[PDB]
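Chains as they are written, first to last, in the numbering used here: chain A, 1164 to 1193; chain B, -1 to 332; chain C, 63 to 142; chain D, -6 to 27; chain E, 236 to 372; chain F, 123 to 463; chain G, -9 to 440.
Using N, Cα and C, we set each Cβ at its ideal position, and we do this for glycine too.
Structure, as structure tokens:
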Amino acid sequence: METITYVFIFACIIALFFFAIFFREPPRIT
Amino acid sequence: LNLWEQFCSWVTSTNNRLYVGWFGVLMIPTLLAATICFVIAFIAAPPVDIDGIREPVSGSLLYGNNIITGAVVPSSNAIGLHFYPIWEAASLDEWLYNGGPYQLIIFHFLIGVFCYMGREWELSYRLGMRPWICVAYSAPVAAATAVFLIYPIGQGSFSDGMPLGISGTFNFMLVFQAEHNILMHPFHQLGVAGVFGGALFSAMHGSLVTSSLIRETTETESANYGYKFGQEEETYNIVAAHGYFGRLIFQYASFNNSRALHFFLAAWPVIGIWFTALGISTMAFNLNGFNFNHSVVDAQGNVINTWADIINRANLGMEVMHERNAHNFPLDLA
Amino acid sequence: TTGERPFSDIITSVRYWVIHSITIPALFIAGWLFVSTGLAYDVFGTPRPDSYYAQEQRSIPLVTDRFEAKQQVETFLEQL
Amino acid sequence: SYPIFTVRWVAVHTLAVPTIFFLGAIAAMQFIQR
Amino acid sequence: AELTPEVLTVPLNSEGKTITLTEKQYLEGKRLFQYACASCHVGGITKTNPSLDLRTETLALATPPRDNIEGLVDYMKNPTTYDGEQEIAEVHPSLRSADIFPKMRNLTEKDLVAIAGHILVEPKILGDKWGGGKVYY
Amino acid sequence: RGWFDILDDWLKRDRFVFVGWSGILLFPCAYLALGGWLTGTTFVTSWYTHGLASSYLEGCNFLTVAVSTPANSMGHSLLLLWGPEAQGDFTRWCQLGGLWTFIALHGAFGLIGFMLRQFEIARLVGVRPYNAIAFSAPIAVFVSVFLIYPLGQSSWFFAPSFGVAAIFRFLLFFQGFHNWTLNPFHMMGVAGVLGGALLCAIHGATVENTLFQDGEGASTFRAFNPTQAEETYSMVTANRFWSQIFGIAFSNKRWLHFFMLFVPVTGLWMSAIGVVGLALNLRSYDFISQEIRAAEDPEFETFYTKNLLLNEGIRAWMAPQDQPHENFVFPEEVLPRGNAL
Amino acid sequence: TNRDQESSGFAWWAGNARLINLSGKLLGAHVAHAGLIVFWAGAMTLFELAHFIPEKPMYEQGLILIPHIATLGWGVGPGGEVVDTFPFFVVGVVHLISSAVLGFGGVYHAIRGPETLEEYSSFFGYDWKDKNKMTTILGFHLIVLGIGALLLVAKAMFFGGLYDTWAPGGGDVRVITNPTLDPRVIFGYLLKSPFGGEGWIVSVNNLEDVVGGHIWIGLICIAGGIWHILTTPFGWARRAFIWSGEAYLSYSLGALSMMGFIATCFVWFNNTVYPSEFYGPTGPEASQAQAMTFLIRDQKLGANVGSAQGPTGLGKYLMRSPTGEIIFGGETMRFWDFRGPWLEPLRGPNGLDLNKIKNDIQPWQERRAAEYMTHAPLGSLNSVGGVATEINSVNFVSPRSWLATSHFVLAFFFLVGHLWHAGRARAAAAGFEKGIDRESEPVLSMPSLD
Ligand code: CLA
Ligand code: CLA
Ligand code: CLA
Ligand code: CLA
Ligand code: CLA
Ligand code: CLA
Ligand SMILES: CC1=C(/C=C/C(C)=C/C=C/C(C)=C/C=C/C=C(C)/C=C/C=C(C)/C=C/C2=C(C)CCCC2(C)C)C(C)(C)CCC1
Ligand SMILES: CC1=C(/C=C/C(C)=C/C=C/C(C)=C/C=C/C=C(C)/C=C/C=C(C)/C=C/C2=C(C)CCCC2(C)C)C(C)(C)CCC1
Ligand SMILES: CC1=C(/C=C/C(C)=C/C=C/C(C)=C/C=C/C=C(C)/C=C/C=C(C)/C=C/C2=C(C)CCCC2(C)C)C(C)(C)CCC1
Ligand code: OEX
Ligand SMILES: [Cl-]
Ligand SMILES: [Cl-]
Ligand SMILES: [Fe+2]
């Protein structure tokens, strides 16, 4: 149960990295 | 163009979402190999005989660790500095017992971050930038190289490289202090000045720029909306900031030149980290911190202890306890 | 730009050095004598090299009593 | 032209005067033998 | 505390005669001990054989007795095992083996007396710390 | 008109060293804290409080001098010069450790004065007082470490002593007795300090390597004017570089500089909370599940159990000299030691 | 002139960059700097000699230059004993005198002679962009370096030999008569792994290979120098490199950095061209010598050191390497690749030989192991010898530690300097080393990433 919890949180962070890079708000010059 | 030139154009393209480049051609596979092996080992690797005395240390989550205690454990002292790839083992089971994952990971990782450094040079060149961000990044690279490669070489074993884990990092620090008195070494003291000062100057610079943001928003808006990405006008009043900081101390202690200021912000932590990396890399050859043990002596010859002698008592406690089954002879010579 | 005389003016003037060729060495020598006469030991209560221990006892004269601590250092010092 | 005794003058000497006295004291200490 | 004539008075021979060393002799002995001996005997222990130390009580039970000037000076000329049974000049620095322990080549008779005096005086200053090892650091 | 407004005028004159109302608190307290430290490290012993030499006069060097804490028997006495311990005797006061509370307390009020100075000058110049707000982190550290920690312990004796090696001893004490590296509040402190140093380096390097060519010199510092309207470096190019190198990049300069305050200030505040816990010995010392397993299974070993053995060595080998009021005599047969060493 | 920022474009703290296109003054800077190097070699040697006590080991006296002279066979005899200090004196004086000549020429070219050389001499003048002139000067210097490598050969073969720690019967000066010429051996060193038990070129363990290697290097450098005098860079080279003064400097900085790290490892592990008689034992050596010391002591007391099981189950004195060889136990199991003349008589085909250990250990071996165990390269920055918890008493830091640490520090900063100047030379050749053109910012002409 503890191992599942640690790996789950880690996996969410890796997923977050993916969205934060490839699905970021695009920088736009105004 | 021919197919090779098309490939070169893609590799060196400024329009890839992540820059590849020739350094990236080495960086990407090596960082992937190191990352994948590390994640699998941290979760599932069996215990590793780090000190070569058939006393395996459990590092992985499934073998009883949490995030704080877990590690990928350095390779066996019986291996020393020998190169121990998977194909030198008779089996994966042997490879795992002897700490094979540690070597695969640190060697791919070090190649990867050296190439990450070259890649920072490379993109700056493709974008028409000045080139020296990679020189700033050379400080963390030097520090990682010191603890994963130079220190093991000097001591004769990757079993004395820093473990890949949170508590294993602390173990490395405590034993290092016992064996080198790093706290009393001026290069580590410069390192501390580097990171305390870097944190101080980050907070100082952050607070001074934030203090002088030009009013562009109402009180119900984040002030951050007062800056638009790519606008040409500066977003804070550096004359106001200097007028504040120069009065906080005195006028000539404050930067009025933003280029000088930002050079100082780069140089202070980078130089401090260079020196602390050199501290580890030279204590790797046992040139150790200052030794004032018994330096103060009274008229008869009695030692008068100083705080250095109290430090020595703490170092002794770590010395005599560390690797409690590994020493058979009276001196710890590596 | 706050109205005081620039330091570079001051420390390159002969008048500054006429004054400070006297005052800086006088202060330095006074500090030297504060030590060489032994006065520093007595002002601050710092043991001289022969005064940390008596000849037979090899125990630290540690203060153990808060409100008669002053008198206790007096006793430890009379034991030398 | 310029004033000579200022707040700055006081701040300079509150630091500089003891510093020189202390350096003379510490120089003397280098010749103390046990 | 002070380095007094009483502290500097040590047994000269095994018959109870004493000798009073000068402060110069003591300082000479400490210097020569560091020059020729401390690489193995720092603080009164023995790095290459920790079972044998330089405490006065240990020296007194050596054969022949080494807890006096004559015994120590003789040891530096013709060292023996603790029971006196074997001569060990081939593996221990001595005047007899100055050819293979070259730091002994310029030690005079006066130098040996000073080293011996240092070995006997130092536990009178340091107590159990002399020969105690790291426990006493 | 009015003596208060006339005094306010003089305090706020634009001069080489600004004074202000805050200066009435700051300058005497800062001068006395620094002067006390220089006085103690130059001339004052720790023989009667610690059994230690601690001054240049006794033979220490810059790394080993200190103004050391009072003896444990003093408890948390303010140790005022005119108080019941020293009774006005300056010499005895120094021997009792009175300079430690002198420095700690004048230092505390000087830090108050300094943060008031940051507020006062910001108000006079017309800027927002974020520099003062950021300085709350140094204050949180000073108060938690030099005042709250010893106040939770038996006496000022266990506060840090004001010296280089004395502070190193404090670090190793916290390792051996508190297992302070294991504490998640210290870990957040480390992330904020190293993260702040990282931000300092990377931002300074990024600005210096995305500069616009605003002059002809190969040395580029002269090509900046403090009064110029234009950014001196390209945020757009900097943003593309880091986006392609690292995957993300700043796009908002105001957020960037706020973040540079946030990270180290927050880290120091977190480390202070952990130290408040250690004032009560409320440590992150153990993982209970680790201990239950290790107690039942003598083949189970982790880096966590390895570090506790080091801690046990620290306590047994350092306590007799580090805690002289306890009169510890540990016969050498009881000292924990591995094989041979 | 141009000796200000306004005319030269460089601030005072980058003032030597004002010399990039002033070949006469730059020659002066280089010649004067060579005088500084030679000055130090001479003065430091005389200082070492003035402080030298011939009956203490060199490594007890903080010497790094006298050991270099002694390794060449000058001043020493069997076992490394100093028989004559006059060669040390000669080396020191002649370097010191020579540095006056170099300093004279450097000062002359730097402030008195022609500021540029091209108007004065087409032979000595040069343009950094003239690729053929660049390879010609490179070629002259390759020939000079090749001659230098052959001077070592001539010393070893015709002018008294070299100090050989491996000489049969004990270390001694020995004339090398059969240097190794077989390229399979010489260049085989180049293809050895740098990892444990292999050690790349740092593993060279006999003077025949050392001398033969310098014969090859001497001829390679002379032949390469002739080649570069007679050729101009090929097209593929022209297209691959930056051709500028700062670029060439950056290439040499990378090279010197690499060489510095190599010398660090050489002095740390190698005991052939850094004899332990002069430099002290290596780290591996002293750790092995401790195990040897207590094996000898306990066996004298009656221990059967082959059958003695240590606390872990491994042999207390003797165990197996991962490939089966008999090696010393305890922590020094990591150091089983160590080889030294005091230990090899005990080694047989299967490793350390128990019968030789029981019967054949000589007093000179016990002495050497005791000496090396107690001169391990551990010590403090203020030169307190021993482990970090040692008390003050012994004034010792091994020459190997001084030489390894100094050259790691220098090699490191030279790698940083390589990155600095390589990055700058690239940017300067492409025309943006002074910053981004506001009216021609490259990223503004690129498609957005998203
Ligand atoms: C603003 C500057 C400042 C501040 C905040 C402090 C603060 C302190 N000093 Mg330091 N000191 C200072 C300047 C300062 N000092 C200077 C300039 C000197 C050199 C002369 C010293 C020399 C010094 C020494 C030698 C010592 C201290 C000590 C102390 C501590 C105890 C002080 C105390 O109890 O006073 C109590 C007195 C007051 C608080 C004065 C209050 C006056 C009240 C408000 C007036 C009351 C009037 C009443 C309301 C009227 C009613 C009228 C009505 C009935 C009609 C405290 C931390 C002691 C220490 O640090 O021990 C460890 C100590 O030994 N100070
Ligand atoms: C063969 C080696 C070599 C050569 C010929 C050059 C040449 C040059 N360098 Mg490079 N550099 C080198 C190695 C070299 N460098 C290394 C190893 C580093 C890493 C630190 C650098 C980092 C570097 C930077 C960051 C810069 C240069 C620059 C330059 C140019 C101007 C230099 C100048 O005027 O300095 C003047 C000298 C000083 C201001 C003094 C420096 C003092 C050092 C830092 C401390 C020395 C302490 C000493 C070793 C020990 C203490 C002694 C003390 C007690 C007295 C010039 C072309 C500049 C440039 O880019 O021009 C285009 C420039 O900005 N260099
Ligand atoms: C090895 C170190 C070294 C060397 C060899 C040089 C050499 C040179 N520098 Mg550089 N420089 C250095 C370090 C060095 N520098 C450092 C550390 C800094 C930062 C402080 C600089 C900053 C700098 C700047 C800003 C400039 C130079 C310039 C020069 C050149 C002209 C100097 C001149 O006009 O002197 C004028 C000075 C004198 C006439 C006074 C006397 C100088 C002599 C040489 C002293 C000789 C003393 C010696 C003991 C005599 C021995 C005599 C005996 C052999 C008979 C010259 C080639 C200049 C240049 O590039 O010109 C184009 C220039 O503008 N340098
Ligand atoms: C390869 C370089 C090197 C090495 C390995 C040695 C090694 C040694 N020296 Mg020699 N020496 C050298 C160069 C070297 N020296 C130079 C350049 C000088 C002229 C100053 C001397 C003059 C000298 C004297 C007069 C003596 C020695 C002595 C010694 C011995 C004791 C050293 C010691 O205690 O240092 C103390 C440690 C330090 C001083 C720490 C230095 C830290 C440096 C300055 C940091 C440098 C960082 C980097 C270079 C700058 C980068 C800046 C960055 C921002 C870019 C040791 C064998 C002693 C001896 O035993 O003689 C027999 C002795 O008396 N040396
Ligand atoms: C290697 C560095 C070097 C280089 C490339 C030069 C180059 C030059 N020099 Mg300088 N010079 C140097 C070092 C150097 N010099 C030194 C060390 C000194 C002090 C003696 C001088 C003192 C000096 C003076 C006073 C003058 C020059 C002049 C010249 C110019 C004409 C040279 C000529 O026609 O010689 C012709 C060639 C020969 C005579 C044959 C070579 C004879 C040498 C000595 C044989 C040694 C060779 C051997 C490889 C050296 C090994 C040295 C090594 C161990 C360090 C030429 C640009 C002249 C000039 O500037 O005119 C305007 C001029 O008047 N030089
Ligand atoms: C100071 C020494 C030196 C320098 C700076 C040069 C410089 C040059 N040489 Mg010359 N050369 C030299 C000595 C030198 N040479 C010697 C001694 C010889 C006789 C053997 C030669 C024979 C020679 C020939 C036949 C040629 C050159 C050529 C060149 C030019 C291109 C070089 C190049 O691309 O290398 C870069 C190296 C490569 C691109 C090869 C691949 C390198 C791999 C990828 C990495 C190797 C690094 C590795 C980690 C090293 C350590 C391990 C290893 C030892 C096992 C360049 C001007 C070329 C030219 O244009 O001539 C006119 C050419 O054809 N040289
Ligand atoms: C406590 C007290 C008090 C006060 C006092 C005071 C206020 C003092 C001051 C004092 C002082 C005010 C002192 C000073 C000193 C100083 C010094 C002692 C200095 C030194 C310096 C040096 C040594 C330097 C060094 C260096 C550096 C830092 C860096 C650069 C380089 C060099 C190395 C140079 C009173 C009476 C109120 C009361 C009672 C108590
Ligand atoms: C350019 C320049 C520079 C530099 C310069 C230089 C670097 C120079 C060098 C110089 C040099 C490098 C010099 C040298 C000299 C030497 C000499 C002058 C010597 C002499 C010797 C003798 C006299 C000897 C004697 C003796 C004998 C014979 C025997 C034994 C004893 C004795 C030792 C006594 C500078 C930085 C300033 C800057 C500006 C520019
Ligand atoms: C003396 C001796 C010896 C021998 C030695 C030898 C024989 C050596 C050789 C050596 C060699 C023979 C070396 C080589 C090296 C090479 C190199 C170091 C290269 C480099 C390269 C580079 C740097 C490149 C770069 C690049 C790339 C990669 C691509 C892109 C473009 C470029 C081109 C930039 C022995 C050990 C036997 C023994 C001891 C003594
Ligand atoms: O493995 Mn990790 O730690 Ca460097 O010292 Mn020796 O070896 Mn072990 O004991 Mn202490
Ligand atoms: Cl451990
Ligand atoms: Cl061992
Ligand atoms: Fe900024």
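Residue i versus residue j - alpha carbon distance
i, j, result
"C:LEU124", "C:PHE138", "9 Å"
"B:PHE170", "B:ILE164", "10 Å"
"residue 448 of chain G", "B:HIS80", "The structure shown does not extend to residue 448 of chain G, since chain G spans only -9 to 440, so no value can be given for it."
"F:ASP131", "B:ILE66", "58 Å"
"G:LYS290", "G:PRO57", "36 Å"
"F:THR171", "B:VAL207", "47 Å"
"B:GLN175", "F:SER356", "44 Å"
Assigned exposure category for residue i - 16 Cβ within 10 Å defines buried
i, result
"G:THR379", "buried"
"B:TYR223", "exposed"
"A:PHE1185", "exposed"
"F:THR424", "buried"
"F:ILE367", "buried"
"F:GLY248", "exposed"
"E:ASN303", "buried"
"B:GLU177", "buried"
"G:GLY129", "buried"
"D:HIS6", "exposed"
C-beta neighbour in chain B for residue i, strict 8 Å
i, result
"A:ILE1176", "no"
C-beta neighbour in chain D for residue i, strict 8 Å
i, result
"F:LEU185", "no"
Chain G contact for residue i (CB, 8 Å cutoff)
i, result
"residue 348 of chain B", "Not covered by the structure: residue 348 of chain B. The range shown for chain B is -1 to 332."
Original post:
Per the contact definition of three or more C-beta pairs closer than 8 Å, is the region 403 to 413 of chain G in contact with the region 301 to 320 of chain G?
Top reply: no
Original post:
Counting pairs of Cβ atoms below 8 Å between the region 260 to 277 of chain B and the region 313 to 330 of chain F, do you hit three or more?
Top reply: yes
**OP:** Note down, in chain order, all residues in the region 104 to 134 of chain C with a beta-carbon under 8 Å from any beta-carbon belonging to chain E.
**Re:** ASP112, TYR114, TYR115, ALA116, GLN117 and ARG120
Subject >> chain C contacts from the region 148 to 167 of chain F (Cβ-Cβ distance under 7 Å) >> reply: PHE165, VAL166 and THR167
Original post:
Along the region 292 to 315 of chain B, what residues have a CB closer than 9 Å to any CB found in chain E?
Top reply: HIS292, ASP296, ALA297, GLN298, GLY299, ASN300, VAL301, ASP307, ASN310, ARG311 and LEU314
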